[PDB]
Structures are given as structure tokens and as C-alpha cells.
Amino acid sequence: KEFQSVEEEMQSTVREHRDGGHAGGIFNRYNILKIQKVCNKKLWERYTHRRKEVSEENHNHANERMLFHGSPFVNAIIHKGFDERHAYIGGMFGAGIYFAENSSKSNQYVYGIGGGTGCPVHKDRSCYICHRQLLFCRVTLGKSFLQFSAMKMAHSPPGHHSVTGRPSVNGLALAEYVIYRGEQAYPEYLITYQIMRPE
């Protein structure tokens, strides 16, 4: 039921994307192959230490969410953790680590920015054959700065612990959540999956 619950969040948060599947491929659901809980104690403690500190700075409230992350560097993330040193100015919200509440938004990043050239084997952003990996993560948002338009930050806004990108007419289709310190997320579940050709 733990893994079922993860599988339900993955399927149910899929959305139709404005790019027509260009980045992440064309699909309405996934084939979920495997869900593994990552047990990296050094990383868990880094995470909970920071979460305690953020909660102190936010009226005894971590504001933690479970959110998706797609990247080509999933296997480094599970061993070494998220690392803001690999983030550069860019994106809507600058040099942060980005997360989605819609699994299909994160899927757009699994093979690179805008999907890169897709899977290594077939160079196909809509590959139905190769197995993809997404993380489903605990993220400490603390006091989160709501923003609609591009604001390329190096760090959290003063007094804040994250940025939440809200949907807006000339802006985002879907929400996105941005942290500027690697220790504010833990890669809790590693999900191995395929996108499924539509019916």
C-alpha cells in the first residue's frame, strides 16, 4: 500500500502538456516496473537536520511535501544527494533544484532539459521501450515565496526557504517548487517505469 500509494500519485498527476509531448513523449499513463525506497542514512540525517532548522524558522512547521524530480543524474542523487552546486542561473527561477507535483512534468526532464535527445539507445524523447527513472522526494519548502513570473535567483528570497512557481496566463501551465540548498530534499523513492503508447 506504500508502493501502491506512490504508484497512484504517479498515475493520477499526469497531465496533458502544452508542448504535445515534445519533451517527455506522448502518453496518458505509465507502466510502473519497480518502486524502491532509498535508505541512505547519511543523506536522511542531512535532510532531517535541515528540516528541524527550517521548521524553527517557520513557526514550528517544515512545510514538507512529497514531489517528483526527473533528471539524468538520478543515480548520483541517490548516493550523494541533491547538490545545488550543479544548479546554474536559468530556468524560470534561477539556480535552484526543481520539483513538480505532476509526475508528467518531471518526466520532461528525465533525459535532459526539454527531454534532451531522448533515450541513449534510440535517441527518442517518446521512447516506449527504454525504462525511465523518476524520484519521488520529500522536500522541505519552509516559508515558500510565491511567484508567477521568471525571477532568476541565486538563493532563496530573503526570509524564505524555497520558491513556489504558480500557474499564470503568460507563464506556467503547472506548478513547480524550487529549493536552493541540496539538503532540503531527500530522494525517498526511486521509480522505474515506461511511458505507455496511448490507446
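Numbers for residues come from their place in the sequence shown, where the first is 1. Think of the rigid core as the biggest set of C-alphas that the two forms share within 1.5 Å after superposition.
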Report summary line: The stretch that moves more in 9 other deposited structures of this protein, judged by RMS C-alpha distance from this form after core superposition, 88-96 or 74-82, is 88-96
Report summary line: Between 49-57 and 159-167, greater root mean square CA displacement in 9 other deposited structures of this protein relative to the shown form, after rigid core superposition, belongs to 159-167
Query raised in the report: Of the other PDB entries compared that resolve residues on either side of residue 39, does at least a third omit it?
Result: no
Query raised in the report: Of the other PDB entries compared that resolve residues on either side of residue 152, does at least a third omit it?
Result: yes
Query raised in the report: Out of 24-32 and 134-142, which one has CA B-factors that are higher on average in the deposited record?
Result: 24-32
Query raised in the report: Of the two stretches 48-56 and 163-171, which shows the higher Cα B-factor on average in the entry?
Result: 163-171
Query raised in the report: Of 66, 38, 62, 151, which one's C-alpha B factor is largest in the deposited record?
Result: 151
Query raised in the report: From 19, 176, 188, 183, which pick has the Cα B-factor that tops the rest in the entry?
Result: 19
Query raised in the report: Which third of the chain holds residue 115 when residues are ordered by C-alpha B factor: lowest, middle or highest?
Result: middle
**Report entry** Among modelled residues of the same chain, the CA temperature factor third for residue 78
**Finding:** middle
Requested in this report: Using the B-factor values recorded in the entry, state whether the Cα atom of residue 86 falls in the lowest, middle or highest third among the modelled residues of its chain.
Outcome: middle
Requested in this report: Grab the CA temperature factor for residue 128 from the record and place it in the lowest, middle or highest third of its chain.
Outcome: highest
